[PDB]
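Take a look at the structure set out below.
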Amino acid sequence: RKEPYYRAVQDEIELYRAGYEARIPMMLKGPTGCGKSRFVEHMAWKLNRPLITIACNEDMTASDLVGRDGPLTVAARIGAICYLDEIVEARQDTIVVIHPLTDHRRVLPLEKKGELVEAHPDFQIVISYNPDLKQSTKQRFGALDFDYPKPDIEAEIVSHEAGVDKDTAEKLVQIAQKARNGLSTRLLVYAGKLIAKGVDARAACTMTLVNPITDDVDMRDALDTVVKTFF
Amino acid sequence: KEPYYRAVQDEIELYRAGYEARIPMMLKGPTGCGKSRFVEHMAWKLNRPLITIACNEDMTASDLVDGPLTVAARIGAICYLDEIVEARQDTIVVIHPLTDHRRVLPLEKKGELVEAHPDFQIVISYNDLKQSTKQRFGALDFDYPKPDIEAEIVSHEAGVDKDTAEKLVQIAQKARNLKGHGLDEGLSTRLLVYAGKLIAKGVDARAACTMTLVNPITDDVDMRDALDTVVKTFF
Amino acid sequence: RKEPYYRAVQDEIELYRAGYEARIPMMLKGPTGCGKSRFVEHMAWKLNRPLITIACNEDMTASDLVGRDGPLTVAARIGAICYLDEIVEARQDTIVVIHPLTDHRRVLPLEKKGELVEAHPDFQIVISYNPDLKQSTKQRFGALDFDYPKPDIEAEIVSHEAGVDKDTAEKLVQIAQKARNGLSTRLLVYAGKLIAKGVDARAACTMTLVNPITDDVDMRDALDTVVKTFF
Amino acid sequence: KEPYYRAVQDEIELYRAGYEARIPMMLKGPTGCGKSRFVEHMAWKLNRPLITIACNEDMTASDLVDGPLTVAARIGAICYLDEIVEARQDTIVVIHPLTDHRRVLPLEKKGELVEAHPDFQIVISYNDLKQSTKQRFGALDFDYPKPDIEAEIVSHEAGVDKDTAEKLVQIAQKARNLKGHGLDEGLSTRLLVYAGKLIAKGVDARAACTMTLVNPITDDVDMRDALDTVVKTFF
Amino acid sequence: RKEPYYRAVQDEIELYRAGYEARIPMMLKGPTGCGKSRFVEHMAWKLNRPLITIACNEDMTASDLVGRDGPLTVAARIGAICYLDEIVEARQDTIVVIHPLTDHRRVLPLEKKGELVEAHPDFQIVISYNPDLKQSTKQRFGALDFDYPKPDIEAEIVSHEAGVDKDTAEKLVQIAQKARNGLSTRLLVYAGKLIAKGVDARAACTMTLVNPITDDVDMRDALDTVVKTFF
Amino acid sequence: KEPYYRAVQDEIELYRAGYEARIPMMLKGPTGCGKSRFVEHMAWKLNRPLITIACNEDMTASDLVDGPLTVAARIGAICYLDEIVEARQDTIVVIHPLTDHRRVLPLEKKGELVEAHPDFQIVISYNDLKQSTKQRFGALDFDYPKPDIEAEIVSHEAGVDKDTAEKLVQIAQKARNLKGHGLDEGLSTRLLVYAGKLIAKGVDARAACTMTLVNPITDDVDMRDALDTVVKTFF
Ligand SMILES: Nc1ncnc2c1ncn2[C@@H]1O[C@H](COP(=O)(O)OP(=O)(O)O)[C@@H](O)[C@H]1O
Ligand SMILES: Nc1ncnc2c1ncn2[C@@H]1O[C@H](COP(=O)(O)OP(=O)(O)O)[C@@H](O)[C@H]1O
Ligand SMILES: Nc1ncnc2c1ncn2[C@@H]1O[C@H](COP(=O)(O)OP(=O)(O)O)[C@@H](O)[C@H]1O
Ligand SMILES: Nc1ncnc2c1ncn2[C@@H]1O[C@H](COP(=O)(O)OP(=O)(O)O)[C@@H](O)[C@H]1O
Ligand SMILES: Nc1ncnc2c1ncn2[C@@H]1O[C@H](COP(=O)(O)OP(=O)(O)O)[C@@H](O)[C@H]1O
Ligand SMILES: Nc1ncnc2c1ncn2[C@@H]1O[C@H](COP(=O)(O)OP(=O)(O)O)[C@@H](O)[C@H]1O
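Now the structure itself:
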């Protein structure tokens with residue numbers, strides 16, 4: 011596995027490491043595209059552990075999770102980090118399935134199969150939360173508070189991923205900063229990456245910063261005035 | 012193999028560089044405005060295979076995931105998923121790991137994980161979707177072409193002379209003017225095409241416009257005659 | 011196939027013929043029992059083409075349409102006219118299935134089977150619409173505006189189908205005309229057909245014109261006053 | 012084989028000619044008023060086989076379509105579909121091509137199309161249905177028979193003397209008077225039957241009427257004693 | 011089969027016996043735990059007849075009832102008493118399935134199997150109703173009006189089932205009587229049975245009379261004042 | 012094999028006699044207050060096998076009914105069904121004949137009826161359920177233990193000294209005070225445990241309390257700093 015590029019905003023990586031070894035289930039909280047998913051993949055490799063990602067949604071059922090085997094069960098048998106992305110989207114009654122894996126009992130009853138699986142001692146559930161869950165689900169997790177990084181830091185992230193000089197990346201950040209009166221950092225990476233293809237700066241921002249997020253016209257010409265301030 | 016497409020703006024070059032960065036694109040705009048044909052033109056201009064998916068609700072994970093979306097990932101082909109919003113959401117999130125820096129779709133159950141070809145790109149069409165999904169895309173905004181260009185397209189697609197096409201656009205122009213004033217959506221370019229070809233076959237122009245431009249988009253009688261008023265002035 | 015009796019009210023039959031040969035999908039719009047279904051069957055035989063009828067409803071799914090093969094697919098392979106009656110009743114997300122058959126692309130992706138079918142060059146979709161659909165579905169169709177025919181004409185239709193003299197048929201029409209302050221022409225055919233069995237004229241109308249349509253009592257004795265005007 | 016039926020109106024002759032024209036009939040009216048028994052009497056009087064279908068929601072297309093509805097089409101038998109409104113709607117529309125001038129049900133999947141026998145007729149029962165379906169039927173309106181006739185039926189069905197039957201109808205009469213004033217629906221003839229036969233077996237008439245005429249139709253206590261007041265006057 | 015202990019409150023047992031032999035379907039109406047289910051089992055054995063109980067619920071379907090064979094069908098073939106407990110809870114469209122068994126026609130169409138079953142001449146449907161059904165379902169049944177028995181009688185029932193002296197049972201009844209400003221008689225049996233285990237009288241009532249029924253705090257200290265009146 | 016449990020009240024003796032009468036018990040109270048561990052302690056103290064069921068919605072009749093609930097009936101073991109309300113209702117009513125005087129579960133389809141062992145007991149957990165089901169149970173009301181006892185539990189479970197545990201409880205005390213004033217539910221004992229063990233591993237106590245006591249239960253910022261104020265006073 012190649013190492014995923016994650017730039018630490020604060021002390022979130024040792025808090026996770028501490029939390030991981032300490033048996034406790036982790037919850038990541040923040041807006042869209044603030045590096046939550048990437049953080050997991052960075053910790054998954056840094057701790058030298060397998061990674062299984064689950065894109066949760068409103069139509070996902072329990073048997074999609076445990077099997078008919091399923092991702093959650095596989096993640097339980099082999100020592101893997103099970104990342105339930107977008108936990109809010111999923112039906113909240115399909116998530117109580119993970120409850121036998123989150124407290125001191127660490128097993129998964131596949132009562133359709135008549136089997137009680139072992140939880141590989143190196144197993145942990147991490148979930149993504151933006152920005160509702162049950163209290164019997166919330167209060168079984170430790171929580172990290174993620175957010176869009178400091179302007180200097182985000183500018184470093186954009187330049188590294190999109191492939192543009194600092195001066196352009198700072199402008200993308202300053203535009204984005206005022207744009208969130218959330219707006220994914222990935223959209224800034226897209227914008228810069230387009231500029232790295234000889235695309236008009238405003239057009240690059242129009243494609244990524246004003247069009248994918250809102251279909252309100254007078255919205256756009258409020259964000260396309262702030263793009264014209266810097267670019 | 013160039014499919015007929017007339018650019019209204021910088022969409023051809025913007026999508027070009029948009030593909031050069033392998034960025035997931037979203038085509039936004041009204042129905043029948045050239046979105047589905049724009050992809051074909053770019054798939055030809057960028058010189059690469061194209062796989063089209065018509066998204067409905069009875070489209071499970073399996074059929075999207090031997091799977092067409094999986095095929096475009098192997099070959100390195102532009103994957104155009106038309107009308108994504110209609111598809112149930114356990115599909116919309118299937119494309120999520122293909123929108124990451126990873127470039128990878130998980131062929132679970134069946135076996136291995138699939139790392140996509142460097143020439144692969146995912147394209148969707150859009151007028160719901162979550163902000164988690166919308167912000168994974170770059171976006172181009174399509175609207176009905178200006179009278180000059182639109183008439184050229186109609187004339188070419190309908191097989192009618194320039195004069196007839198201009199009048200058809202003129203009718204469509206007077207009808208798009210009425211959105212929020214009686215129409216849920218202005219007149220499509222597709223219906224403009226539909227009209228000229230009835231005319232190109234000898235059908236009375238007033239009748240041809242009635243069954244393609246007036247009737248399909250309106251049930252209200254007093255504003256349907258308003259469109260009929262327009263037709264009787266240009267034809 | 012025996013020819014279905016269709017009496018032309020105006021220029022709807024050459025407009026369909028013109029529209030058919032011209033690749034465009036047709037939509038029939040009008041009240042219940044104004045001869046929409048019959049018109050299709052008349053055009054189906056007159057153009058010497060196979061006919062597949064689909065009774066759309068709120069519980070009909072896409073796999074009921076394309077197959078698990091289905092009617093729509095069969096209609097696509099062999100050169101047939103696929104008539105989707107009562108298109109408003111069906112779930113509007115199950116109808117976007119026909120979209121790949123209605124524009125210039127003319128195919129049907131059976132992604133459950135891994136097959137892309139050819140559209141037999143003599144294939145067309147016609148739908149029944151009373152009196160909502162998506163704009164992405166509406167604006168792919170040409171539309172004919174059907175309605176209950178002129179009094180003289182409907183009287184001819186009733187006499188031909190029910191089997192009664194003109195004088196009785198005119199009365200059924202005049203009653204119906206004022207009854208629609218819709219009311220199917222078929223109910224008039226039923227009424228006359230009962231009169232052709234030695235049934236009291238008012239009783240024949242009571243069974244067909246006032247009872248099947250409304251369960252409001254004071255409604256009935258408003259329609260049973262107009263039946264007593266003519267009969 | 013004549014099943015016991017007493018005509019309240021011209022329903023027997025109206026249905027007779029209604030069948031002679033092979034017209035789809037609908038029986039409208041309250042529950043337990045003789046609708047399901049009227050069909051049997053006519054199926055006997057018109058001298059023809061009869062197939063009855065009890066429509067619920069777990070009645071797919073297959074079970075209606090070797091299928092009973094298909095059987096009546098082959099043989100030429102009156103097909104009585106009881107409580108149509110309860111059935112899911114992909115069934116209600118199965119009968120549509122059998123209500124046309126065609127007289128034909130499509131046995132799709134399995135094979136051929138099925139042209140029905142000239143002696144076939146479809147009958148439904150009704151107190160929802162679309163106007164597209166309701167206007168495919170002729171309709172007869174059933175209501176509870178007038179005191180003279182109703183008592184004769186009760187006496188015959190219950191096996192009680194004329195005097196007892198009249199009082200039971202009298203109780204039912206005073207209860208149908210209260211609809212919109214405390215009762216969702218008046219007292220059925222079926223419950224009137226139920227009462228006499230408890231009485232025909234030696235059960236105290238006040239108790240017999242209580243568990244058949246009062247209790248099954250009312251939960252409200254102060255109007256339940258209102259019905260109990262009626263019972264204690266005739267019994 | 012051992013005889014179930016049922017104490018007759020009034021003339022409900024001969025009315026059932028009379029109703030049973032007289033072909034008519036029976037309905038039991040009353041609050042929770044007033045001896046409705048027990049009454050059926052008492053009549054089932056006293057009439058020397060097999061008994062099949064069905065716990066109706068909002069997710070129960072028709073095929074759960076008739077088979078895929091099912092309980093209702095089995096109860097129809099062999100001469101058994103089919104007891105549909107909690108009929109209000111079930112989907113009311115899944116219960117019209119029993120309609121062909123409740124009138125003079127006594128059959129069950131398994132149209133999925135292509136079979137019309139005989140109704141064993143000794144077959145009857147009894148249902149539990151607390152305290160809505162369709163009129164086409166209601167008016168096919170005879171109805172018995174059950175209720176919590178007279179204080180003297182209920183005290184006899186508690187002493188017999190729980191195993192406590194009269195004086196304790198009367199107190200449980202008097203507490204319960206005022207508690208229903218329903219409250220199951222079974223909760224009184226539980227309370228006394230706990231007292232028969234050396235449990236504090238108020239604690240025994242707290243576990244059964246104030247805690248299982250309400251989660252309102254100021255409710256509890258209104259019922260725990262009346263428990264302190266007698267105990 | 013005694014699992015660590017500290018009694019807050021008479022729950023151990025009340026459940027003891029509650030089992031001696033073979034009465035179905037319900038454990039009521041907030042999440043993470045020791046309900047699931049109380050059963051284990053009693054299953055050990057009463058000297059008998061224990062089968063635990065985690066109830067979700069995709070738990071049909073079959074998996075509850090070779091079935092664990094059936095197993096506890098044969099063996100004579102306490103059957104703890106955790107979070108019953110989450111389970112679909114055709115399961116909640118499966119336990120109904122096991123709550124009667126009969127003591128019997130019907131293994132239908134598969135065959136015979138199953139009479140349970142005299143040592144069998146059914147236990148559920150609860151904070160919906162019908163009154164028909166709730167009144168089939170005896171009930172014990174659990175709440176978070178008083179500061180003395182709670183700190184002892186935290187200290188034991190967290191592996192921290194008495195002083196640290198008391199402060200953690202103090203923080204939890206100041207947070208349970210805020211329910212109805214900004215919090216949907218007070219701080220669990222489980223999160224109190226979670227905090228001490230980060231501290232028992234060298235994590236900064238202010239950070240440890242932040243990610244276990246503050247962050248998991250609050251999204252509102254101005255009252256999240258209110259909890260942060262509390263943390264900065266005790267740590
Ligand atoms: N430390 C970081 N903070 C913020 N964004 C980052 C960081 N490191 C990488 N990114 C970029 O953010 C983009 C989106 O992050 P993502 O994993 O989608 O966040 P989320 O899971 O919260 O949506 C990635 O493409 C990545 O390049
Ligand atoms: N450059 C163009 N701009 C607009 N419309 C065009 C252009 N070229 C062709 N068309 C016509 O406009 C119609 C647009 O419909 P299509 O692109 O197939 O679906 P949609 O636009 O809804 O994705 C086509 O029928 C086509 O004949
Ligand atoms: N030209 C016509 N106009 C109106 N009604 C007609 C015509 N020709 C036949 N009919 C009669 O109308 C009846 C109902 O027509 P139908 O096909 O049900 O219309 P729809 O499909 O709009 O409900 C048929 O039984 C037919 O006999
Ligand atoms: N001519 C009649 N009119 C009214 N009721 C009758 C007549 N003949 C018999 N009955 C009795 O009335 C009851 C009507 O119920 P039934 O006809 O079976 O169901 P429904 O009337 O709801 O279709 C029957 O139980 C029958 O005993
Ligand atoms: N005659 C009676 N009246 C009231 N309760 C009784 C009677 N006989 C027994 N019981 C007790 O009532 C308890 C609950 O009765 P149950 O069958 O649950 O009533 P329901 O079916 O109305 O809920 C039983 O445990 C039984 O011991
Ligand atoms: N006697 C006790 N009272 C309260 N909490 C306890 C006790 N003993 C242990 N605990 C701790 O409290 C937590 C309670 O969670 P648990 O009992 O497993 O779930 P729940 O209480 O939600 O059923 C456990 O993690 C356990 O470490």
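Protein chains in written order, with the authors' numbering: chain A, 11 to 78, 90 to 152, 160 to 209, 218 to 267; chain B, 12 to 76, 90 to 151, 160 to 267; chain A', 11 to 78, 90 to 152, 160 to 209, 218 to 267; chain B', 12 to 76, 90 to 151, 160 to 267; chain A'', 11 to 78, 90 to 152, 160 to 209, 218 to 267; chain B'', 12 to 76, 90 to 151, 160 to 267. A prime marks a further copy of an entry chain.
All C-beta atoms in this analysis are idealised placements derived from N, C-alpha and C, irrespective of residue type, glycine included.
- Secondary structure note for B/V262: it is in no beta strand (DSSP E), and the uninterrupted alpha helix (DSSP H) holding it is 253–266.
- Within the region 233–251 of chain A'', those residues whose Cβ lies closer than 9 Å to any Cβ of chain B'' are, in chain order, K233, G234, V235, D236, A239, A240, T242, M243, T244, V246, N247, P248, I249, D251.
- Set against 8 Å, the gap from the CB of B'/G43 to the closest heavy atom of ligand 4 is smaller.
- Excluding five sequence positions before and after B/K199, the CB atoms of its chain that fall closer than 6 Å to its own CB belong to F266, given in chain order.
- Contact between the region 111–129 of chain A and the region 61–72 of chain B'' is established, with three or more Cβ pairs separated by less than 8 Å.
- The Cβ atoms of A'/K206 and A'/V262 lie closer than 9 Å to each other.
- When secondary structure is reduced to three states using DSSP, A''/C103 falls in the strand class.
- Just so you know, the alpha carbons of B''/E107 and B''/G40 end up roughly 11 Å apart.
- Excluding the 5 residues flanking it on each side, A''/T71 has same chain C-beta neighbours closer than 8 Å at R112, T115, in chain order.
- By the criterion of a C-beta distance shorter than 7 Å, A/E51 is surrounded in its chain by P14, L61, once the five residues flanking it on both sides are discounted.
- A'/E132 counts as buried, since no fewer than 16 other beta carbons sit within 10 angstroms of its beta carbon.
- For A/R48, the CB falls within less than 8 Å of some heavy atom of ligand 1.
- The three-state reading of DSSP puts A/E110 in coil, since its state is none of H, G, I, E or B.
- DSSP, read as helix, strand or coil, puts B'/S164 in helix.
- The straight-line gap separating the alpha-carbon atoms of A/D160 and B/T94 is approximately 34 Å.
- B/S149 is bridged by DSSP to B/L38.
- Assigned with DSSP and collapsed to three states, A/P248 falls in coil, not helix or strand.
- Scanning A'/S164, A'/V147, A'/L137, A'/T123 for the CA closest to the CA of A'/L38 turns up A'/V147.
- Going by C-alpha positions, B'/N209 is about 22 Å away from B'/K46.
- For the pair B/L215 and B/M255, the CB atoms are nearer than the 9 Å cut-off.
- Pairing A'/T165 with A'/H120, the inter-Cα distance amounts to about 7 Å.
- In terms of CA proximity to B/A18, B/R48 leads the group B/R48, B/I99, B/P35.
- Contact with chain B is found for A/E110, since one of that chain's Cβ atoms lies less than 9 Å from the residue's Cβ.
- Among the CB atoms of chain A', none fall inside 9 Å of the CB of B/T196.
- Take A''/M36, set aside five residues on each side of it, and the residues of its chain with a beta-carbon closer than 8 Å to its own are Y26, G29, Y30, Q145, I146, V147, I148, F169, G170, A171, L172, in chain order.
- DSSP, read as helix, strand or coil, puts A'/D173 in strand.
- For B/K134, the secondary structure class from DSSP, reduced to helix, strand or coil, is coil.
- Within 8 Å of the C-beta of A''/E182 there is at least one heavy atom belonging to ligand 5.
- Taking 9 Å as the Cβ-Cβ cut-off, the region 35–68 of chain B' approaches chain A'' at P41, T42, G43, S47, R48, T63, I64, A65, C66, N67, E68, given in chain order.
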